[PDB]
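Residue numbers (the deposited numbering), protein chains in the order written: chain B, 3 to 496; chain A, 3 to 501. In this text, a Cβ means the ideal position worked out from N, Cα and C, and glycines have one as well.
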Amino acid sequence: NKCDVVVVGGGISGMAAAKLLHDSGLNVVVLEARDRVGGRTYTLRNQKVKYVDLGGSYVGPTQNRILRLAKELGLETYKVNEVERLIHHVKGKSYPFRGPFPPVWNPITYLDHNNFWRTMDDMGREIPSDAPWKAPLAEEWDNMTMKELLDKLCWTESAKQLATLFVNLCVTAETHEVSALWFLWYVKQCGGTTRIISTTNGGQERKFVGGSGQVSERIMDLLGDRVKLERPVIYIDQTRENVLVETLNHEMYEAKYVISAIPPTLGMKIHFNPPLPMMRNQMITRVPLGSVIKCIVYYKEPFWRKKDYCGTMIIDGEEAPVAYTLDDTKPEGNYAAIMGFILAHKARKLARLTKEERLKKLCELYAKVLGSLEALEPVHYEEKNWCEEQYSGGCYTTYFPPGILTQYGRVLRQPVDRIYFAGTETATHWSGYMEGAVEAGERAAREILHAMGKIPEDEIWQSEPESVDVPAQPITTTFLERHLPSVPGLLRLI
Amino acid sequence: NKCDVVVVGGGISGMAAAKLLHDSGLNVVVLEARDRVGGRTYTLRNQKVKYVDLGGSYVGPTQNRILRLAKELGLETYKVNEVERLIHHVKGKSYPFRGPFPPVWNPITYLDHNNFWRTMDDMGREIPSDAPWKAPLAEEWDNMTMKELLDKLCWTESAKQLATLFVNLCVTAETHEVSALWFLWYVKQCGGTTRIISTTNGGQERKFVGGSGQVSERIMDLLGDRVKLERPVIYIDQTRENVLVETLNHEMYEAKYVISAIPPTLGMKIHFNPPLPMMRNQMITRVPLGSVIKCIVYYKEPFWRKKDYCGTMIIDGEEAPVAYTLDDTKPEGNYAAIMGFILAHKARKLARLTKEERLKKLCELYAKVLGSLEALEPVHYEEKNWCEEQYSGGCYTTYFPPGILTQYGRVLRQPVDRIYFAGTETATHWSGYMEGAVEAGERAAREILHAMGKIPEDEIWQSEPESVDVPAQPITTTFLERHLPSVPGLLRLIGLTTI
Ligand SMILES: *[C]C1=C([C])[C]=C2C(=[C]1)N([C][C]([O])[C]([O])[C]([O])[C]OP([O])(=O)OP([O])(=O)O[C][C]1O[C](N3[C]=NC4=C3N=[C]N=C4[N])[C]([O])[C]1[O])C1=NC(=O)[N]C(=O)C1=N2[C]/[C]=[C]/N1[C][C][C](/[C]=[C]/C2=[C][C]=C(F)[C]=[C]2)[C][C]1
Ligand SMILES: *[C]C1=C([C])[C]=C2C(=[C]1)N([C][C]([O])[C]([O])[C]([O])[C]OP([O])(=O)OP([O])(=O)O[C][C]1O[C](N3[C]=NC4=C3N=[C]N=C4[N])[C]([O])[C]1[O])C1=NC(=O)[N]C(=O)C1=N2[C]/[C]=[C]/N1[C][C][C](/[C]=[C]/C2=[C][C]=C(F)[C]=[C]2)[C][C]1
Numbered sequence: 003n004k005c006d007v008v009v010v011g012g013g014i015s016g017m018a019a020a021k022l023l024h025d026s027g028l029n030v031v032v033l034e035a036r037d038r039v040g041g042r043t044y045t046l047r048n049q050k051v052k053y054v055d056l057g058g059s060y061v062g063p064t065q066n067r068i069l070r071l072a073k074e075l076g077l078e079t080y081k082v083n084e085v086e087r088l089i090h091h092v093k094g095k096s097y098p099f100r101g102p103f104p105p106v107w108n109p110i111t112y113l114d115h116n117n118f119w120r121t122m123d124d125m126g127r128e129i130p131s132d133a134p135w136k137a138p139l140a141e142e143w144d145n146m147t148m149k150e151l152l153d154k155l156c157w158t159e160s161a162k163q164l165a166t167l168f169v170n171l172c173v174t175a176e177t178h179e180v181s182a183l184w185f186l187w188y189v190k191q192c193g194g195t196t197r198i199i200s201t202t203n204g205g206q207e208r209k210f211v212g213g214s215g216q217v218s219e220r221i222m223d224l225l226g227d228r229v230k231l232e233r234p235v236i237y238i239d240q241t242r243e244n245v246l247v248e249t250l251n252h253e254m255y256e257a258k259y260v261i262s263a264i265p266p267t268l269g270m271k272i273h274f275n276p277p278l279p280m281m282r283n284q285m286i287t288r289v290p291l292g293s294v295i296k297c298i299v300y301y302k303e304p305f306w307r308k309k310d311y312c313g314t315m316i317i318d319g320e321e322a323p324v325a326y327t328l329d330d331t332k333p334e335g336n337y338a339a340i341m342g343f344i345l346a347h348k349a350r351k352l353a354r355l356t357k358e359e360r361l362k363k364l365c366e367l368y369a370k371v372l373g374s375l376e377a378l379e380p381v382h383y384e385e386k387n388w389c390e391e392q393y394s395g396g397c398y399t400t401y402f403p404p405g406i407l408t409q410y411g412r413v414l415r416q417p418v419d420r421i422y423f424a425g426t427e428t429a430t431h432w433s434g435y436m437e438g439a440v441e442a443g444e445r446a447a448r449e450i451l452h453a454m455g456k457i458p459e460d461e462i463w464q465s466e467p468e469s470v471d472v473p474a475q476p477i478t479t480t481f482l483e484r485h486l487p488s489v490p491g492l493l494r495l496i
Numbered sequence: 003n004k005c006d007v008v009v010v011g012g013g014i015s016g017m018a019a020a021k022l023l024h025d026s027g028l029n030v031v032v033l034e035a036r037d038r039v040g041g042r043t044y045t046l047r048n049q050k051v052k053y054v055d056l057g058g059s060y061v062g063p064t065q066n067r068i069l070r071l072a073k074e075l076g077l078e079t080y081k082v083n084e085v086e087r088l089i090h091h092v093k094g095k096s097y098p099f100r101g102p103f104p105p106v107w108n109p110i111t112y113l114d115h116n117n118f119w120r121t122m123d124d125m126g127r128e129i130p131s132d133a134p135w136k137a138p139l140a141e142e143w144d145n146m147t148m149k150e151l152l153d154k155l156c157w158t159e160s161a162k163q164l165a166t167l168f169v170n171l172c173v174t175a176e177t178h179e180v181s182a183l184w185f186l187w188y189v190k191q192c193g194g195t196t197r198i199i200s201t202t203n204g205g206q207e208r209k210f211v212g213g214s215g216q217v218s219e220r221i222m223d224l225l226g227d228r229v230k231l232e233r234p235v236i237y238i239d240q241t242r243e244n245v246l247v248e249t250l251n252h253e254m255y256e257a258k259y260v261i262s263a264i265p266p267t268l269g270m271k272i273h274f275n276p277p278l279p280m281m282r283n284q285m286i287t288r289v290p291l292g293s294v295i296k297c298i299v300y301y302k303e304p305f306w307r308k309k310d311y312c313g314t315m316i317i318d319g320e321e322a323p324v325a326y327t328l329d330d331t332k333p334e335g336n337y338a339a340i341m342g343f344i345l346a347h348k349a350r351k352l353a354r355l356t357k358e359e360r361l362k363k364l365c366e367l368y369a370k371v372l373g374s375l376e377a378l379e380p381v382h383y384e385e386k387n388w389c390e391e392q393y394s395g396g397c398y399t400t401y402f403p404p405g406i407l408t409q410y411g412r413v414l415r416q417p418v419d420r421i422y423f424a425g426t427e428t429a430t431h432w433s434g435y436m437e438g439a440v441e442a443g444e445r446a447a448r449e450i451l452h453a454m455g456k457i458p459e460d461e462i463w464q465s466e467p468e469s470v471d472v473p474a475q476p477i478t479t480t481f482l483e484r485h486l487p488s489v490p491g492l493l494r495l496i497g498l499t500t501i
């Protein structure tokens, strides 16, 4: 009934915000639509897998907020297996490699690949994390899809196919669907290309022991009966002294402040009185989430390691159902598994098949790529299609189509009276990740503390000391990588 | 509580559906979110204007369903004023003309203009009205914004600038926001470029006497108490034998079938049990409506007519708040008025101003365009920003960004168990218009009649006799229009001769 703050949504962001408010002595209620907490994180436990993350899972250096929160909740990390060689599968053949960037040998292709990565980061350096719409060339870059940019930039088919995979894999959408400005902001606000694509010393370095769902579950454990499961919010009324929040199951909650910790577009599921201001009213219709199926195939042993492969596979082309894989084996070396992502249009296409049909296709692919018949002998299979979720709308995060970020980007975390906005989409560092969810939850919480007089304005945004357990090493480039010409650069000279 | 069919939404589509169902003997209920029917049509009445349409207004030849419905409800139409000259305002100057297309004199620019319009229609003929995703190059065209298409197609800036205005004005969105396949489909399913842009012989030929809001009101009068105002639907449950529909004011309705007659994205406001299938679940997060303010400036007399201007202005430029106007003077010749549209990014930009600051900017623009100080002396002003409507989401209609129509398009009117989809967005002819609303509403109602075994399958889609009051002159082209070369095609003639 009556409380200080209603939080809408029990994902990591909402739970992080509720915890902060609780710890400062306010009465918080969390209204969660599902029969569980965690949102776009979900850890399934059964005897065959023990535990498996079917949503968000990876953390790495520079993600210091999710690591601090998780450590305080008593969680620990382990390292994703990258001891042996990575595989780039191109034109029906596997090429083993080391280091984060799939290498290339033809000298024109080399210049073209080097330039592509380098240009993503150069363009990034002119985009403010906290305001990408303030980039000098914001309108120019926002009025282009990533398909347009790649067509201009990539002089070789080899670079264009890897660039396309890069976009597909990072934001679960086609190059033609997404704004160039948004995608470049997105890479930049994760620390750039090397950081975003790296296992060792990057975003996929680590997983949580027991699964990432433990973050939300363990905060629910703290808050007790303050978390209301199967309470989808349908109605928020701000006309009176206190804010009134109504759920689908007819309950009414009364508060001084509200935090909306849901994906922007899922805002549409709530009827507002008074109506939302114009810009938010339209913004929440313009911000879809991507399309992905996360798939985990279990095997008797991690057989790929015997052939000096780590289990990472980068798989070019339209034919392959999965473009990217990591070893999902447990740190103890058991529950051997390969994790794969089915991305974008392939998620839509392959979801018509049965579970068994998807398993068969994945096993045949992995057999080809790893060059092993052992891949044809799976002991178990788990998957989750995030497209079918009424209360996610997809995964991993919200993408911005051409034109939207510059016109509506400002409104994303703009308070509407006593509603403040959280969720990973509103973060400025690792937005789209669990790290961003924490940053945005805590920030929105401190906005309400400031509105109440408890803290000064300069404490709303707070820095995070570096994790002692997951220290970040610097991103380095070489002289040649910095100064080698592009293909059109090499043409000018001749 | 109990009925045969709940219709969600009391716009033209919903009310047309309800009417057909009621006339066939079923018990129907219409649940409407607002305190009025009409949706994206809305006629304001006060003593200063008598009546004015702040939403959908114009009807024309080939729109035979809305004309037939309006006639059956006892409504009349009148012709929009196009007696005198149109104005094309470009780079700070006004160029009067006649006929639908702004003309050009420079021969190179002429070939480019002619080729732009012709290619729009050429690509359109490749695209099935009922299945745009079946066009041979559907994928190539849908992976492309209209901005990319115009950059490839227009060899002059003159043509590119006019083509940009054509997109902005027809779909209230920027060229970079919209799919090429979708836009080309949209134009084609209205009967092509000439039909869509024309006043005489086109979309903007006529208006209803007393306003277009009478269509929805008069159907409400036929239905009596079966229309429920201030019932926003929040929840649809299809787990049991009968469908349960719940409203925000805690009322429950029980029906055999539901027609959803709301814009696709406003489907997001409804919680579904069981959950929507994957494809529709994602589709309704991907289909926004455009941005527009409709503004009407009233004057003592229609002074433009005396300068031999009909009141139509096609206004190009970033500084212009309004890109298109029509004479909105009553047919009796009184309540002289200029109707204008503030489009796309300009609706957003200029919504920051007060009502009086917008009035001033409009008058100054009209003064310049018409060469008339009288334009600075308005007697009244009315406007409506459709962007702020919770239960519309924008106007005129839904646009599709790149990649969406080929991937999600086929689920737009695909039933979900016992929910059928109306709304103008689901039409195959004048989708986006009041015409499309009627087609979609009556088609969805008949899908239900078929499901109940009351009509055979071949009667779901029903053709419409031509209006005898508003006959359609066919779209014709001249020999030169058909065979004059593109700009690159002239350059190919030059390289082939001199070799
Ligand atoms: C799904 C997913 C997946 C599958 C995956 C992933 C993910 C996801 N991610 C993301 C995450 O998860 C996120 O971000 C988070 O979680 C979010 O949070 P928040 O914000 O909180 O939100 P959510 O969760 O959603 O929540 C919300 C809530 O609310 C609710 N609701 C609704 N509505 C409502 C409600 N309530 C009440 N009422 C109402 N009305 C709901 O229900 C919920 O609960 C992630 N993340 C991280 O961090 N990590 C990870 O891992 C993840 N994942 C992913 C990733 C992927 N990747 C990375 C990158 C890589 C790449 C690499 C490379 C490239 C290139 C080359 F060449 C190489 C390499 C891979 C991929
Ligand atoms: C808004 C608007 C405006 C401003 C204008 C316009 C329009 C609009 N349009 C459109 C119409 O209006 C539409 O389409 C219709 O109306 C639709 O219907 P429907 O489908 O039925 O839908 P609605 O209305 O929306 O309804 C719905 C309902 O529902 C409800 N809800 C929601 N949600 C809910 C509910 N309920 C319960 N629950 C829940 N949850 C609501 O409330 C409602 O009621 C139009 N149309 C027509 O036909 N006409 C017209 O006029 C119109 N408008 C416009 C036009 C424009 N334009 C045309 C074209 C031109 C061009 C020219 C040129 C170009 C170029 C050159 F060169 C030259 C020239 C322009 C203009």
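Quiz item: In the segment 64-88 of chain B, which residues sit with their C-beta less than 8 Å from some C-beta in chain A, listed in chain order?
Solution: none
Exercise. Flag residue 107 of chain B as yes when its Cβ comes closer than 7 Å to any non-hydrogen atom of ligand 2, and as no otherwise.
Key: To locate residue 107 of chain B, count along the first sequence from 1; it is residue 105. Result no, Cβ not under 7 Å from ligand 2.
Quiz item: When you compare each of B:131, B:60, B:52 to residue 83 of chain B by their alpha carbons, which one comes out closest?
Solution: Here residue 83 of chain B corresponds to residue number 81 of the first sequence, with the count starting at 1. Among B:131, B:60, B:52, the Cα nearest to that of residue 83 of chain B is on B:60.
Quiz item: Got a sec: which bits of the segment 127-146 of chain B sit with their beta carbon under 9 Å from any beta carbon on chain A, in order along the chain?
Solution: 144, 145, 146
Quiz prompt | Residues that residue 40 of chain B bridges to, as DSSP identifies them | solution = Position 38 of the first sequence holds residue 40 of chain B. In the DSSP output, where bridge partners are listed per residue, residue 40 of chain B has B:13.
Exercise. Please classify residue 116 of chain B: does DSSP put it in a helix, a strand, or coil?
Key: Within the first sequence, the letter at position 114 stands for residue 116 of chain B. If DSSP states are grouped into helix, strand and coil, residue 116 of chain B belongs with the helices.
Quiz prompt | Best match in A:199, A:140, A:119 for proximity to residue 432 of chain A [C-alpha to C-alpha] | solution = Position 430 of the second sequence holds residue 432 of chain A. Answer by Cα proximity: A:199.
Quiz item: Which same chain residues, not among the five before or five after residue 35 of chain B, have their C-beta less than 6 Å away from its C-beta?
Solution: Residue mapping note: residue 35 of chain B aligns to position 33 of the first sequence, counting from 1. Result list for residue 35 of chain B: 234, 393, in chain order.
Quiz prompt | Among B:474, B:362, B:316, the one whose alpha carbon lies nearest that of residue 95 of chain B | solution = Stepping through the first sequence from its first residue, residue 95 of chain B is reached at position 93. Measuring from the Cα of residue 95 of chain B, the nearest candidate turns out to be B:316.
Quiz item: Secondary structure at residue 249 of chain A, three-state DSSP: helix, strand or coil?
Solution: Along the second sequence, read from residue 1 onward, the residue named residue 249 of chain A stands at position 247. Strand, per DSSP.
Quiz item: Any residues in the segment 371-390 of chain A with a beta carbon nearer than 7 Å to a beta carbon of chain B? Which ones, in chain order?
Solution: 387, 389, 390
Quiz item: So is the beta-carbon of residue 174 of chain A under 7 Å away from any non-hydrogen atom of ligand 1?
Solution: Locating residue 174 of chain A in the second sequence gives position 172, where the first residue counts as 1. Because no heavy atom of ligand 1 lies under 7 Å away, the Cβ of residue 174 of chain A does not count as near it: no.
Quiz item: Where does residue 85 of chain A land, buried or exposed, given buried means 16+ other C-beta within 10 angstroms?
Solution: In the second sequence, the residue the question calls residue 85 of chain A occupies position 83. Residue 85 of chain A comes out exposed.
Quiz item: Quick one: does the C-beta of residue 15 of chain B sit closer than 7 Å to a heavy atom of ligand 1?
Solution: Translated into the one-based positions of the first sequence, residue 15 of chain B becomes position 13. Yes; taking the cut-off as 7 Å, the Cβ of residue 15 of chain B has a heavy atom of ligand 1 nearer than that.
Quiz item: Pick from A:402, A:30, A:257: whose alpha carbon is nearest that of residue 178 of chain A?
Solution: One-based indexing of the second sequence puts residue 178 of chain A at position 176. Checking every option, the nearest Cα to that of residue 178 of chain A belongs to A:402.
Quiz item: With burial defined as no fewer than 16 other Cβ atoms inside 10 Å of the residue's Cβ, what is the status of residue 116 of chain B: buried or exposed?
Solution: Here residue 116 of chain B corresponds to residue number 114 of the first sequence, with the count starting at 1. When all chains shown are included, residue 116 of chain B counts as buried.
Exercise. Decide if residue 195 of chain B is buried, meaning its Cβ has at least 16 other Cβ atoms within 10 Å, or exposed.
Key: The sequence position of residue 195 of chain B within the first sequence is 193, counting from 1. By the neighbour-count rule (16 or more Cβ atoms within 10 Å), residue 195 of chain B is buried.
Quiz item: Which partner residues of residue 79 of chain A appear in the DSSP bridge assignment?
Solution: The residue labelled residue 79 of chain A in the question sits at position 77 within the second sequence. A:210, per the DSSP bridge assignment.
Exercise. With a 10 Å radius around its C-beta and 16 neighbouring C-beta atoms as the bar for buried, classify residue 294 of chain A as buried or exposed.
Key: Against the second sequence, residue 294 of chain A aligns to sequence position 292. Flag for residue 294 of chain A reads buried.
Quiz item: Quick one, which residues of the segment 242-253 of chain B are near chain A if we go by CB-CB under 9 Å, in chain order?
Solution: Taking 9 Å as the Cβ-Cβ cut-off, the segment 242-253 of chain B approaches chain A at 248, 250, 252, given in chain order.
Quiz item: From what residue to what residue does the alpha helix (DSSP H) around residue 501 of chain A run?
Solution: Numbered from 1 along the second sequence, position 499 holds the residue referred to as residue 501 of chain A. In the DSSP annotation of this structure, residue 501 of chain A is not part of any alpha helix (DSSP H), being labelled neither H nor E.
Quiz prompt | Residues that residue 155 of chain B contacts on chain A, provided the C-beta gap is smaller than 8 Å | solution = Residue 155 of chain B sits at position 153 when you count from the first residue of the first sequence. Ordered by position in chain A, no residue passes the 8 Å Cβ test against residue 155 of chain B, which lies about 15 Å from the chain.
Exercise. Report the residue from A:470, A:436, A:498, A:91 whose alpha carbon sits nearest the alpha carbon of residue 16 of chain A.
Key: By one-based count along the second sequence, residue 16 of chain A stands at place 14. Looking at the Cα atoms, A:436 is the closest of the given residues.
Quiz item: Going by other Cβ atoms of all chains shown within 10 Å of its Cβ, with 16 needed for buried, is residue 495 of chain A buried or exposed?
Solution: On the second sequence, position 493 is the one that residue 495 of chain A refers to. Residue burial annotation: residue 495 of chain A is exposed, with fewer than 16 other C-beta atoms found within 10 angstroms of its C-beta.
Self-check item: Endpoints, beta strand (DSSP E) assigned at residue 295 of chain B
Solution: Translated into the one-based positions of the first sequence, residue 295 of chain B becomes position 293. Looking at the DSSP string, the run of the beta strand (DSSP E) that includes residue 295 of chain B is 294-300.
Quiz item: Who are the neighbours of residue 288 of chain B on chain A, taking C-beta pairs under 7 Å?
Solution: To locate residue 288 of chain B, count along the first sequence from 1; it is residue 286. Ordered by position in chain A, the residues that pass the 7 Å Cβ test against residue 288 of chain B are 290.
Quiz item: Can you tell me the Cα-Cα spacing of residue 258 of chain B and residue 252 of chain A, whole angstroms?
Solution: For the purposes of this step, residue 258 of chain B is taken as residue 256 along the first sequence, with counting starting at 1. For the purposes of this step, residue 252 of chain A is taken as residue 250 along the second sequence, with counting starting at 1. Roughly 25 Å separates the two Cα atoms.
Quiz item: Whose CA, out of A:223, A:142, A:337, lies closest to the CA of residue 302 of chain A?
Solution: As a working mapping, residue 302 of chain A is identified with position 300 in the second sequence. It is A:337.
Self-check item: Rounded separation between residue 1 of chain A and residue 185 of chain A - CA only
Solution: Outside the modelled stretch of chain A, which goes from 3 to 501, sits residue 1 of chain A, for which no answer is possible.
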